[PDB]
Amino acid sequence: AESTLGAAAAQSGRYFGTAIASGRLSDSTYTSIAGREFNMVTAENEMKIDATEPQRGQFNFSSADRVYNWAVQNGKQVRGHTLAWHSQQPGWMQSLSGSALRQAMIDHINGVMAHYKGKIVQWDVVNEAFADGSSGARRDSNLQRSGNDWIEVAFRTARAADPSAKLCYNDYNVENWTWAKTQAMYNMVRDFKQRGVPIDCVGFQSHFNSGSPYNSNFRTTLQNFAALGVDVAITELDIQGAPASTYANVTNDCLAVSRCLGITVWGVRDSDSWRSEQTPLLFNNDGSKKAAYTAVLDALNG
């Protein structure tokens, strides 16, 4: 067996990753534990639109490169996050609509992807485009108001910008097979595959909690999306209370699906999370391993 999460995941050809924040990189406990345990990194905030293009046409990759460089220096691959999203847009992009916004969205994808061309294994090209609830509608945003084709255009733009990256659609509350949101995403991906839209992967955020609880049918969700001809990935995992049983279940669901590339938990210690009050991660505040860590490692080791 293997003694760390990333190495244990690698025995089945998968990765075990985390979100990394540039502001925490002077914390020796964080950097040593993150370096030891994970083989995949996602920048927590540094590769988002506001951080990378603070003013139109004026890119700033300083903080993003700090995360990227840390990952490569520590032997990890990197998931880019995220190129088109309604949340966290810089004010200059919030003022744009229609065709002007479309051009800025395209320019933003091209500029960020060119900087990291051939260096990023997966990109979350589009994030959180569906509304929550029973409707299955697209979320309202300046991007969605520019037309239903905004998502497809982002994907076609990204494929041309860097043909070596796996292009993913990412979202939350899409893990339970029976939910309307899950079905809306499923039909979009099915449609994309029939029309030749270049989508290679689907990211399941996996923010499990009392209001959006884990269900055993997540495995069915993963299998059904994989059958559409896309890879699947667990991208921002955290579970309220960090129950060992649920952490083991999610891990085993990924291990049972051949195209489940790996799992990323959203943070290292409970105190590093935005949801620290629900103590939803695998390491305690002092860096020690909880019960959930042991369960995940055991599952990865079979």
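Start at 1 with the first residue shown and count on from there.
Asker: Between 79 to 87 and 226 to 234, which has the higher average C-alpha B-factor in the PDB entry?
Answerer: The stretch with the larger mean CA B-factor is 226 to 234.
Asker: Can you let me know which of the two, 49 to 57 or 271 to 279, has the higher average C-alpha B-factor in the entry?
Answerer: According to the entry, 271 to 279 carries the higher average C-alpha B-factor.
Asker: Among 197, 168, 93, 106, single out the one with the highest C-alpha B factor in the record, please.
Answerer: Highest C-alpha B-factor among the listed options: 197.
Asker: Using the temperature factors in the entry, find which of 264, 258, 249, 29 has the highest value at its Cα atom.
Answerer: The record points to 258.
Asker: For the chain shown, is the CA B-factor of residue 132 in the lowest, middle or highest third of its modelled residues?
Answerer: Tercile = highest for this residue's CA B-factor.
Asker: Could you tell me which third, lowest, middle or highest, the C-alpha B-factor of residue 10 occupies within its chain?
Answerer: Its C-alpha B-factor, which the entry lists for residue 10, ranks in the highest third among residues of this chain.
Asker: By the record's CA B-factor, is residue 41 among the lowest, middle or highest third of residues in the chain?
Answerer: It belongs to the lowest third of the chain when residues are ordered by C-alpha B-factor.
Asker: Taking the chain's C-alpha temperature factors as the reference, tell me which third residue 201 falls into: lowest, middle or highest.
Answerer: For residue 201, the deposited C-alpha B-factor lands in the middle third.
Asker: What third of its chain, lowest, middle or highest, does the C-alpha temperature factor of residue 140 fall into?
Answerer: According to the entry, residue 140 has a C-alpha B-factor in the chain's lowest third.
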